[PDB]
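Just so you know, all these numbers are worked out from the coordinates, no wet-lab data involved. Note: ideal-geometry Cβ built from the backbone for every residue, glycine included; neighbour counts use all protein chains shown.
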Ligand SMILES: [Zn+2]
């Protein structure tokens, strides 16, 4: 009885094994655009992904992660509300069984078809495992996906998913450039929050971009053919791997733009 996204082990159960589920700075949240405060003190984000080295893609039974070499400052995020340099370790997505749900964060209660998470850790803490124990340890860039036109830069990801269909499977995944996943604008909302899967630690500065990217229905269809299970246990499709919005409680969302 591990955690997952079903009736009997899904997000409403997580608090029994991970009491921080009901904590004060849980994610995701609904971003109320009329209540978010423009903060002209916020700098532009600086994304330096020119030297990124992807290594591997894997199905971990809750999502698929693309993992990067984080042994040096090769793909980093700086600026914005951040102090210091945050190194890219992995990205993954959350998505739905249908196009009208899938994102974790919502914008004035609107759900998108999926959500991309680029996970970065603060180099002052030396490694990811020490970083997750700190209130400013991680920075996650969240990018919404809507269904319309194809995103060419995502196709390389979609084509390998056949090779990692079940939990535990991995494949070599070199020379992927994450710059092909960014929207045009880097305007953003930011708030302090948590990992959205167990162990749900409250170590994340969230940076959620205003502008969604478009993907095609055929591209998102392929995400939905993955499996939560291992080979061959009974087939459970990897769909609806998102946590619902949590209470904002004592937190302000700030916007980089008006
Ligand atoms: Zn995520």
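Stretch residue 98-residue 179 to full length: gain in nm at 0.36 nm per residue minus the Cα-Cα span?
Value of the extension gain: 26.5 nm.
What is the Rg over Rh value, at two decimals, for the range 197-246, using alpha-carbon atoms and the Kirkwood definition of Rh?
Rounded to two decimals, Rg/Rh equals 1.06.
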Cβ neighbours within 10 Å, averaged per peptide: list 174-180, 95-101, 190-196 in order, most packed at the top. 190-196, 95-101, 174-180
By count of other Cβ within 10 Å, fewest leading, how are 221, 118 ordered? 221, 118
For the range 1-48 versus the range 192-258, the gap between their alpha-carbon centres in whole angstrom: 9 Å
Take every Cα-Cα pair in the chain and report what % of them are more than 27 Å apart. 33 percent
With each label point set 7 Å from Cα along the Cα-Cβ vector, what nm distance links residue 252 and residue 73? 3.1 nm
Could you work out the relative contact order of the chain, using alpha carbon pairs under 8 angstrom and six or more residues apart, expressed as a whole percent? 27 percent
